[PDB]
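What follows is a short report on a single structure.
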Amino acid sequence: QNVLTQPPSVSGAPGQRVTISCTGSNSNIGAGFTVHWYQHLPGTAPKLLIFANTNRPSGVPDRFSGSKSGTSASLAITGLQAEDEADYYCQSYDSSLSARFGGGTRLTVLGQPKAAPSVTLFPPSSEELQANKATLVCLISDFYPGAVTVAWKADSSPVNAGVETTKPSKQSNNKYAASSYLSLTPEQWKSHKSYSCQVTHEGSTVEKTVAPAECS
Amino acid sequence: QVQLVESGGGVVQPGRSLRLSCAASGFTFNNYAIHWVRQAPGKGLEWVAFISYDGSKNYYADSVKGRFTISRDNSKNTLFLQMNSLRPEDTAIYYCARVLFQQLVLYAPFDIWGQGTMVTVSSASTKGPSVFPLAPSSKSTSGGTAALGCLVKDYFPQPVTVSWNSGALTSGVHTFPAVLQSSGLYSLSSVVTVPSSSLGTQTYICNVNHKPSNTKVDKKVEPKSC
């Protein structure tokens, strides 16, 4: 038994060329077992790209090619296109006849301008409060790249418990969205002067705040 | 047309059993080996099992050995994956895939794949959601426009569907992906952006539908006045 390592992620800009390696060992690749490549976007089934190290099925474009040497294999893609953004997996076997997949490499295609997130914070509603509970909702959207840090504060202290935050996911417009929820008792809610959701993105930090009927 | 279609996934409690199926059409099934592959949440593809063209042979990943059984019926174009003693760690979308070459060829690639079927192993129980209004305010008002929404709380399992004004309002709406609480239940929020100069003159109601528990909720959202 053994494994196949793949770099978790790779990038390149459109029209350029990138390479994705698959590193195995004397027990799979090194022993003669062949390597196949699949391309994958989760809302779809995988697609066979290359088989038996360097073979390409018909239907599969020119731009994709494979090579192999010693205990490693590699996949090259030229003329990067948007549509090439996806996960790519190498796959081989071992002396059991168990197929073995590598961890996957997600490829990112450069070229999209940075985008600052719009952040929206909502306090608990009376209704939920009447039901003896309180949920604060921090909504974060339209940002790129897909990386963001979320932080909460009661007055000036950092709150850690009762927080649930989604990893971000790409929307149809190519930008990301994420959410963070803070679960509190109605006693804490009324016990502090304000709560804040702070979001950091690429050097930018925006912070929104809410307070219990601080009406006036 | 060649095609593989898996069936039988759904929600289950740990320790129970579930049998999935994969039916072929468009080609001579008895001439090919078939495999099952799965992909857990946030994880990569993982090979599960395989069975030879004539069923005389089979094999399994170490992670299912002893719990899963593969089998096929060469009189009906169907293959089966019997899963017993399911664990939360078996949660995944499962795919069946055919190899490229007929009969006993080895190391052949996976050329045709079905669309997969989802299996969720949880202890949670089916629960419709609680729905609360997220009222608009100066606190998030007049950017010229205002933001208001519906918070859809504690439900299981996915998915939920939200619409506003019964389909009539479709622009400005943004439904966020659900969060999985540690409690095993999900929560999500749907927001809409609207002209802040007509609030109160216009009515907004979010329509929430949770198929799994046969619960629909309508909730009007209104600007308070604290």
Side-chain angles (χ1 to χ4, degrees), chain A residues 6-20 39-44 63 76-88 103-122 136-153 158 163-182 195-210, chain B residues 41-42 44 139-147 149 171-179 188-194 196:
Chain A
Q6 259 182 263
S9 61
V10 319
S11 205
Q16 92 177 62
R17 162 209 205 242
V18 295
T19 251
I20 298 153
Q39 166 185 69
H40 189 29
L41 175 139
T44 352
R63 327 155 25 212
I77 314 212
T78 59
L80 276 189
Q81 279 197 30
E83 10 278 73
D84 303 332
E85 206 141 57
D87 306 301
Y88 287 85
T105 296
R106 164 161 292 280
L107 144 81
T108 305
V109 168
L110 281 4
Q112 332 71 5
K114 139 176 359 200
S118 301
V119 177
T120 302
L121 174 58
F122 292 98
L136 276 98
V137 173
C138 200
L139 294 185
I140 305 138
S141 59
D142 301 319
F143 58 103
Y144 187 90
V148 79
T149 302
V150 184
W152 286 102
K153 282 162 336 149
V163 163
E164 296 277 20
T165 299
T166 61
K167 339 96 179 175
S169 73
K170 211 179 268 236
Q171 328 140 188
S172 101
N173 70 357
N174 282 280
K175 302 203 200 117
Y176 290 85
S179 319
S180 195
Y181 290 91
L182 180 62
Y195 273 92
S196 263
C197 183
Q198 213 191 39
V199 322
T200 300
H201 182 253
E202 298 292 292
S204 249
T205 285
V206 55
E207 173 192 283
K208 317 286 283 223
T209 301
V210 282
Chain B
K139 161 227 99 173
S140 316
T141 208
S142 164
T145 58
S171 40
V173 170
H174 185 349
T175 293
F176 296 65
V179 52
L188 72 70
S189 324
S190 182
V191 197
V192 174
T193 299
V194 297
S196 176

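Quick note: numbers below take in every heavy atom, side chains included, and nothing from hydrogens, waters or symmetry partners. Quick note on labels: first sequence line is chain A, next is B, and so on, each numbered from 1.
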Closest approach of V163(A) to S180(A) (non-hydrogen atoms, all atoms of both residues)
CG1-OG, 3.9 Å
Could you walk me through whether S196(B) and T141(B) satisfy the side chain to side chain donor-acceptor pair (under 3.5 Å) test, starting with their C-alpha distance in whole Å, then the side-chain angles of each, then the deciding distance to 0.1 Å, before giving a yes or no?
CA-CA 7 Å; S196(B) 176; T141(B) 208; 3.1 Å; yes
Would you mind reporting whether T108(A) and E85(A) have side-chain heavy atoms less than 4.5 Å apart?
yes
May I ask you to decide if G146(A)'s main-chain N or O and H201(A)'s side chain share a donor-acceptor pair within less than 3.5 Å?
no
What heavy-atom pair brings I140(A) and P117(A) nearest, and what distance separates the two atoms?
CG2-CB, 3.6 Å
Roughly how far, to the nearest 0.5 Å, is the OH atom of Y176(A) from the OG atom of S141(A)?
14.0 Å
Identify the heavy atoms of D142(A) and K175(A) that sit nearest to each other, and give their distance.
O-CD, 3.4 Å
Sub-4.5 Å side-chain heavy-atom contact between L121(A) and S140(B):
no
For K139(B) and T209(A), the nearest pair of non-hydrogen atoms, with its separation, is CG-O, 4.2 Å
Could you walk me through whether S190(B) and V173(B) pass the side chain to side chain contact (heavy atoms under 4.5 Å, CB included) test, one step at a time?
CA-CA 7 Å; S190(B) 182; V173(B) 170; 4.2 Å; yes
Inter-residue atom distance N173(A).CG - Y144(A).OH, 0.5 Å rounding
12.0 Å
Apply side-chain contact (heavy atoms from CB on, under 4.5 Å) to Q81(A) and list each qualifying residue two or more places apart in sequence or on a separate chain.
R63(A), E83(A), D84(A)
Look at the side chain of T193(B) and the backbone N and O of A147(B), then say whether any donor-acceptor pair between them is shorter than 3.5 Å.
no
Supply the atom-to-atom distance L139(A) CG to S189(B) OG, rounded to the nearest 0.5 angstrom.
5.0 Å
Would you check if the side chain of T78(A) reaches a backbone N or O of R17(A) as a donor-acceptor pair within less than 3.5 Å?
no
May I ask you to decide if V179(B)'s main-chain N or O and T166(A)'s side chain share a donor-acceptor pair within less than 3.5 Å?
no
Does NZ in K170(A) sit with more than 12 non-hydrogen atoms of other residues, nucleotides or ligands closer than 6.0 Å?
yes
Please round to the nearest 0.5 Å and tell me the distance separating atom OH of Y181(A) and atom CG of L136(A).
11.5 Å
Which atom of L110(A) lies closest to which atom of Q112(A), heavy atoms considered:
O-NE2, 3.4 Å
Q16(A) CD to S11(A) OG distance, which is reported to the nearest 0.5 Å
7.5 Å
Closest approach of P42(A) and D87(A), non-hydrogen atoms and distance?
CD-OD2, 3.8 Å
State the CZ-NZ distance between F122(A) and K208(A), to the nearest 0.5 angstrom.
10.5 Å
